[PDB]
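What follows is a short report on a single structure.
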Amino acid sequence: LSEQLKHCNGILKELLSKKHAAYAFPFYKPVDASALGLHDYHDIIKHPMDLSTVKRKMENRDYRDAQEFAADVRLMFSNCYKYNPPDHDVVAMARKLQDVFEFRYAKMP
Ligand SMILES: CCNC(=O)C[C@@H]1N=C(c2ccc(Cl)cc2)c2cc(OC)ccc2-n2c(C)nnc21
Ligand code: NI
């Protein structure tokens, strides 16, 4: 269990690393809907999620198991797929980062 959470933390650090920054950056911080002019964001997305929040939860030992961690990372991608039309660049970025996540998550100890 501790082992599985270390795997999860490893994945998190990878998603935040420079290697993936070209497509990970939209997911680093909470969506600032006002700043981006997205005045419908919080009406469509009722459970915002982002990598800084996942990191805080990991650092605070909020996550009790790998499934809980994965549900939050996946929620983050789902919010992007819900809000944005599927041909938008940010959706392509989400799909690429989700590929990174899913392939490594699958190597669960
Ligand atoms: C075309 C305008 N679209 C938007 O503003 C939606 C927004 N779109 C982007 C976004 C990201 C990358 C590109 Cl190339 C174009 C738009 C976005 C950019 C951010 O920069 C700090 C943070 C969150 C974002 N994000 C996420 C996450 N989900 N939808 C969006
Ligand atoms: Ni899940």
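Labels used: A, B, ... for chains in the order of the structure tokens, numbers from 1 for residues in each chain, and numbers from 1 for ligands as shown.
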Return as a tab-separated table the residues of chain A lying at most 12 Å from ligand 1, together with the closest atom-to-atom pair for each and the distance in Å to one decimal, counting only C-alpha atoms and all ligand atoms, with rows in chain order and ascending residue number.
```
residue	atom	partner	partner_atom_place_in_ligand_line	distance
A:21	CA	ligand 1	12 (C)	11.2
A:22	CA	ligand 1	12 (C)	9.1
A:23	CA	ligand 1	12 (C)	7.6
A:24	CA	ligand 1	12 (C)	9.0
A:25	CA	ligand 1	21 (C)	6.6
A:26	CA	ligand 1	22 (C)	3.8
A:27	CA	ligand 1	27 (C)	5.1
A:28	CA	ligand 1	21 (C)	7.6
A:29	CA	ligand 1	21 (C)	7.2
A:30	CA	ligand 1	23 (C)	7.5
A:31	CA	ligand 1	23 (C)	5.1
A:32	CA	ligand 1	22 (C)	7.3
A:33	CA	ligand 1	5 (O)	8.0
A:34	CA	ligand 1	5 (O)	10.0
A:35	CA	ligand 1	5 (O)	9.1
A:36	CA	ligand 1	5 (O)	5.4
A:37	CA	ligand 1	5 (O)	7.2
A:38	CA	ligand 1	5 (O)	6.5
A:39	CA	ligand 1	5 (O)	10.2
A:40	CA	ligand 1	6 (C)	10.7
A:41	CA	ligand 1	29 (N)	8.6
A:42	CA	ligand 1	29 (N)	11.5
A:44	CA	ligand 1	29 (N)	11.4
A:45	CA	ligand 1	28 (N)	10.0
A:48	CA	ligand 1	27 (C)	9.5
A:49	CA	ligand 1	27 (C)	8.9
A:50	CA	ligand 1	27 (C)	7.7
A:51	CA	ligand 1	27 (C)	10.1
A:75	CA	ligand 1	27 (C)	11.3
A:76	CA	ligand 1	27 (C)	7.8
A:77	CA	ligand 1	27 (C)	8.1
A:78	CA	ligand 1	28 (N)	9.6
A:79	CA	ligand 1	28 (N)	7.1
A:80	CA	ligand 1	28 (N)	4.6
A:81	CA	ligand 1	28 (N)	8.0
A:82	CA	ligand 1	28 (N)	9.0
A:83	CA	ligand 1	29 (N)	6.6
A:84	CA	ligand 1	29 (N)	6.2
A:85	CA	ligand 1	3 (N)	9.3
A:86	CA	ligand 1	29 (N)	11.0
A:87	CA	ligand 1	1 (C)	10.6
A:88	CA	ligand 1	1 (C)	7.1
A:89	CA	ligand 1	14 (Cl)	5.1
A:90	CA	ligand 1	11 (C)	4.5
A:91	CA	ligand 1	28 (N)	7.6
A:92	CA	ligand 1	14 (Cl)	8.9
A:93	CA	ligand 1	12 (C)	7.3
A:94	CA	ligand 1	27 (C)	7.9
A:95	CA	ligand 1	27 (C)	11.6
A:97	CA	ligand 1	27 (C)	11.5
```
Taking only C-alpha atoms and all ligand atoms into account, list the residues no farther than 9 Å from ligand 2, as a PyMOL selection string. chain A and resi 67-75
Produce a file of the selected residues containing N, CA and C atoms, as a short mmCIF file (atom, residue, chain, number, x, y, z; two decimals), in the first residue's frame.
```cif
data_model
loop_
_atom_site.label_atom_id
_atom_site.label_comp_id
_atom_site.auth_asym_id
_atom_site.auth_seq_id
_atom_site.Cartn_x
_atom_site.Cartn_y
_atom_site.Cartn_z
N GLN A 67 -6.07 3.93 -5.86
CA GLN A 67 -7.31 4.15 -6.60
C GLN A 67 -7.83 5.56 -6.39
N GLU A 68 -7.68 6.05 -5.18
CA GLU A 68 -8.12 7.38 -4.83
C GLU A 68 -7.31 8.42 -5.59
N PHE A 69 -6.00 8.24 -5.62
CA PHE A 69 -5.11 9.11 -6.39
C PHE A 69 -5.49 9.09 -7.88
N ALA A 70 -5.67 7.90 -8.44
CA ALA A 70 -5.95 7.79 -9.88
C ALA A 70 -7.29 8.44 -10.22
N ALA A 71 -8.28 8.32 -9.34
CA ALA A 71 -9.56 8.94 -9.60
C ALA A 71 -9.45 10.46 -9.70
N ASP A 72 -8.58 11.08 -8.89
CA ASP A 72 -8.38 12.52 -8.99
C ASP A 72 -7.63 12.90 -10.27
N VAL A 73 -6.56 12.19 -10.62
CA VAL A 73 -5.83 12.52 -11.84
C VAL A 73 -6.77 12.38 -13.06
N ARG A 74 -7.56 11.31 -13.07
CA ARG A 74 -8.50 11.08 -14.15
C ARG A 74 -9.62 12.13 -14.17
N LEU A 75 -10.08 12.56 -13.00
CA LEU A 75 -11.05 13.65 -12.91
C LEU A 75 -10.53 14.91 -13.61
#
```
Residues of chain A in alpha helix (DSSP H), written as a PyMOL selection string: chain A and resi 2-15+21-24+33-36+41-44+51-59+66-83+89-105
Determine, counting only C-alpha atoms, which protein, DNA and RNA residues have an atom within 12 Å of an atom of residue 106 (chain A); residues of the same chain fewer than 3 positions away are not included. Present the result as an mmCIF file with N, CA, C and O atoms, in the first residue's frame.
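What follows is the written file out_6.cif:
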```
data_model
loop_
_atom_site.group_PDB
_atom_site.id
_atom_site.type_symbol
_atom_site.label_atom_id
_atom_site.label_comp_id
_atom_site.auth_asym_id
_atom_site.auth_seq_id
_atom_site.Cartn_x
_atom_site.Cartn_y
_atom_site.Cartn_z
ATOM 1 N N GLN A 4 2.475 1.229 -3.265
ATOM 2 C CA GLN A 4 1.619 1.682 -4.355
ATOM 3 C C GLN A 4 1.521 3.210 -4.356
ATOM 4 O O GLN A 4 1.534 3.837 -5.427
ATOM 5 N N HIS A 7 4.624 4.623 -5.873
ATOM 6 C CA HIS A 7 4.464 4.553 -7.330
ATOM 7 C C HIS A 7 3.641 5.740 -7.821
ATOM 8 O O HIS A 7 4.019 6.416 -8.780
ATOM 9 N N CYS A 8 2.532 6.012 -7.138
ATOM 10 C CA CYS A 8 1.699 7.147 -7.481
ATOM 11 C C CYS A 8 2.452 8.480 -7.387
ATOM 12 O O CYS A 8 2.370 9.321 -8.299
ATOM 13 N N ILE A 11 4.763 8.833 -10.355
ATOM 14 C CA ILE A 11 3.980 9.273 -11.509
ATOM 15 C C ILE A 11 3.688 10.775 -11.465
ATOM 16 O O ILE A 11 3.893 11.489 -12.443
ATOM 17 N N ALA A 66 -3.956 3.888 -4.012
ATOM 18 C CA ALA A 66 -3.684 4.269 -5.392
ATOM 19 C C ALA A 66 -4.958 4.612 -6.149
ATOM 20 O O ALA A 66 -4.942 5.512 -6.983
ATOM 21 N N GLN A 67 -6.067 3.934 -5.865
ATOM 22 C CA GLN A 67 -7.310 4.146 -6.599
ATOM 23 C C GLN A 67 -7.829 5.556 -6.387
ATOM 24 O O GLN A 67 -8.354 6.204 -7.293
ATOM 25 N N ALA A 70 -5.669 7.902 -8.444
ATOM 26 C CA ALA A 70 -5.952 7.789 -9.879
ATOM 27 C C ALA A 70 -7.286 8.443 -10.221
ATOM 28 O O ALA A 70 -7.413 9.091 -11.255
ATOM 29 N N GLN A 98 -2.558 12.095 -20.378
ATOM 30 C CA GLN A 98 -3.262 10.919 -19.888
ATOM 31 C C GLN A 98 -2.599 9.635 -20.384
ATOM 32 O O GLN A 98 -2.498 8.686 -19.610
ATOM 33 N N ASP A 99 -2.077 9.624 -21.613
ATOM 34 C CA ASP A 99 -1.314 8.463 -22.074
ATOM 35 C C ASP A 99 -0.108 8.218 -21.185
ATOM 36 O O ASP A 99 0.163 7.086 -20.793
ATOM 37 N N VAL A 100 0.634 9.269 -20.855
ATOM 38 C CA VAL A 100 1.755 9.127 -19.952
ATOM 39 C C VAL A 100 1.324 8.511 -18.621
ATOM 40 O O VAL A 100 1.904 7.535 -18.129
ATOM 41 N N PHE A 101 0.263 9.067 -18.056
ATOM 42 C CA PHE A 101 -0.260 8.603 -16.800
ATOM 43 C C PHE A 101 -0.688 7.137 -16.857
ATOM 44 O O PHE A 101 -0.300 6.341 -15.997
ATOM 45 N N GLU A 102 -1.529 6.812 -17.831
ATOM 46 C CA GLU A 102 -2.138 5.475 -17.869
ATOM 47 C C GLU A 102 -1.086 4.382 -18.071
ATOM 48 O O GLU A 102 -1.138 3.317 -17.425
ATOM 49 N N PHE A 103 -0.113 4.629 -18.939
ATOM 50 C CA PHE A 103 0.882 3.606 -19.179
ATOM 51 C C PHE A 103 1.741 3.339 -17.959
ATOM 52 O O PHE A 103 2.066 2.190 -17.663
ATOM 53 N N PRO A 109 2.938 -1.712 -8.662
ATOM 54 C CA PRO A 109 3.499 -2.850 -7.916
ATOM 55 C C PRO A 109 2.448 -3.621 -7.133
ATOM 56 O O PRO A 109 1.414 -3.073 -6.744
#
```
Quick one, how far is CA of residue 1 (chain A) from CA of residue 57 (chain A)? 16.3 Å
If you measure from CA of residue 62 (chain A) to CA of residue 6 (chain A), what distance in Å do you get, rounded to one decimal? 13.5 Å
